[PDB]
């Protein structure tokens, strides 16, 4: 299937192939003068992928309000039709992460619907941070770390169910993020709470296929505003080290304390082989979940700088699971995921342009200036031509968001899907 009319793609691409040729040829000539074959970079770029969050093709909100756009996806199947667009146009998101029970549906259908749309399935995402209809036990005071054995068991039961559904759709991992924490001093005993969590997580580990991975994800706060059981990579690490070889750490860029050097944390987890994967997005204040690289692009480059360095240093057995974890509250969800996904590839490409040998040289002789400049020369290089050409050759659009608006897709699904109503967000009932 083709969510976008192939003629629209070819059309809009042809309307740009002229400029693209110039820019590309000019950049390839520059990189050439720098001992780099723009063709090897491009080659690698077309093969780099990140997963799109199913809960991301819909409009997000805040506790204060939600302002839905038009043609909002009604369910998981609609959401899949949308991601198919992002993939067709960028060729960088051939996989979708699901959230249960949100995208709960007949596995045969999901798998079937994806095969038609040319989409696969990334890591399963359990949900014990909200109560579903008929749920016997509330998650108000926690889930996997709740003081009630029955509630923890139910929480464990859910994650287990998530693994079955994923096993059936082709998923190879389970990411566990919970809001388990406390809003007040004394409310929780940090130790007992964690101990409970570790044990509960241990039972989930048993139900993990032999070729699967369990990813735990840390966050400093929200929904818990005083303490969070899985608050930082430190704790996260302790979890991965305890659970077993199949348990790794998930790093969501916007979940760190103000000014945290996030790229070091990536390196530390890589060092001890516990970097399960990422959750790309950007922010300025807290867990803002903004478009990848929209606020701090250099930071995103520095995170990939560690990733490429490991990739280059022959770090055997290093295939992190990349995913986009964003909330689009004031833009078309599709356009954002499209560009956020491209910004990720931009960062990657620039990281592949760094003179690794020259860098080591400067690090070794403590030449701080040239070291940081060595990185900058790569970051400064406008890799758009490479990202564009990569898309074109793989059958994507030279200019993704442009082709999309020209295809009219939004007005289209908008005419097929019911109208959404703007409402509160959760600060009150």
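Numbering follows the first chain given and starts at 1.
Between 191-199 and 162-170, point out the one with the higher average CA B-factor as the PDB entry records it. If you average the C-alpha B-factors of 191-199 and of 162-170, the larger mean comes out for 162-170.
Out of 369-377 and 48-56, which stretch has the higher average CA B-factor listed in the record? The entry gives the higher C-alpha B-factor average to 48-56.
Tell me, please, which of 333, 320, 286, 297 has the highest C-alpha B factor according to the deposited entry? The C-alpha B-factor peaks, among 333, 320, 286, 297, at 320.
Maximum C-alpha temperature factor per the entry, among 311, 217, 222, 263, belongs to which one? Of the options given, 311 has the highest CA B-factor in the PDB entry.
Taking the C-alpha B-factors as the PDB entry records them, is residue 395 in the lowest, middle or highest third of its chain? Top third by C-alpha B-factor.
Is the Cα B-factor recorded for residue 62 in the lowest, middle or highest third of its chain? CA B-factor rank for residue 62: middle third.
Within this chain's modelled residues, let me know which third the CA B factor of residue 135 belongs to: lowest, middle or highest. According to the entry, residue 135 has a C-alpha B-factor in the chain's highest third.
Third of the chain's Cα B-factor distribution that residue 345 belongs to, per the entry: As the PDB entry reports it, the C-alpha B-factor of residue 345 lands in the middle third of its chain.
Just say lowest, middle or highest third for the CA B-factor of residue 30 relative to the other modelled residues in its chain. Highest third of the chain for residue 30's C-alpha B-factor.
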